Amino acid sequence: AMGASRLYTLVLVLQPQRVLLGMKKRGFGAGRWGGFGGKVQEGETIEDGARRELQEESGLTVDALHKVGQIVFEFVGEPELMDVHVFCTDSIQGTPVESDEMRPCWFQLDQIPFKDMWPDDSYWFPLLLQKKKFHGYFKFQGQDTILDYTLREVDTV
């Protein structure tokens, strides 16, 4: 059987000229920039968990997000997969503020800091910028090494 998986969200604030990323401050993946997100909680829809995580980690409150992708992560030595649902929005009305877990920062869209993001981001982030939807899977050894991955553009997430 396929391993069991745990539901996570990942949220990108994407405006015409810039994207909001957050630096993970502690723990696994510390020092890397990426979307805001976390585990979906009991009795919570995936979109509402994504809205909750955006607010908890960045302070930004938005009323709705667009579902743009799904990425499954597998790590050598850990039988449980991460099932990550990726959301995007262009419309905010507050200021991003540093939380205990994340430091938000804007990057211009010709200065996307790929060298400081998770390696999988190099493959699916360009699809998001093109307003495409995607399904992906990545198997990691540790934090740096991809041993296998699949990626496909889809019409519906």
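Count begins at 1; order follows the chain as displayed.
If you check the header, you will see the structure was determined by X-ray crystallography, 1.7 Å.
The backbone N, Cα and C atoms fix where each Cβ goes, and this holds for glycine too.
Annotation comment: Swiss-Prot describes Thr9, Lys24, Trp118, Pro119, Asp120, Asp121 as N(6)-methyl-AMP binding site, evidence class experimental evidence. Positions annotated as 8-oxo-ATP binding site by Swiss-Prot, on the basis of experimental evidence: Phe28, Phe36, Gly37, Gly38, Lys39, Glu53, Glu57, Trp118, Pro119, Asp120, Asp121. Annotation source Swiss-Prot lists Mg(2+) 1 binding site at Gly37, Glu57, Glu101. Residues annotated as motif 'Nudix box' in Swiss-Prot, with sequence analysis given as evidence: 38-59. Among the features that Swiss-Prot reports, Mg(2+) 2 binding site is placed at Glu53, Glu56, with the record citing similarity to another entry.
A map of Swiss-Prot features onto the structure.
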residue : record                       : Cβ contacts under 8 Å, 6 or more apart
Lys24   : N(6)-methyl-AMP binding site : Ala30, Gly31, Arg32, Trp33, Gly34, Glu101, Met102
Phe28   : 8-oxo-ATP binding site       : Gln143
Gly37   : 8-oxo-ATP binding site       : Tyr8, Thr9, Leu10, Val11, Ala50, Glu53, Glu57, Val84
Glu56   : Mg(2+) 2 binding site        : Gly38, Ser99, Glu101
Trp118  : N(6)-methyl-AMP binding site : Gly29, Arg32, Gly34
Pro119  : N(6)-methyl-AMP binding site : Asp144, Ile146
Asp120  : N(6)-methyl-AMP binding site : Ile71, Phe73, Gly136, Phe138, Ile146, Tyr149
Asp121  : N(6)-methyl-AMP binding site : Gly34, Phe114
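It is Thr9 that, of the binding-site residues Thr9, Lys39, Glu53, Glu57, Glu101, has its Cβ surrounded by the most other Cβ atoms within 10 Å. Sorting each residue of the motif 'Nudix box' (38-59) by its DSSP state yields 13 helix, 1 strand, 8 coil. DSSP assigns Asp121 (N(6)-methyl-AMP binding site) to a helix in the three-state reduction.
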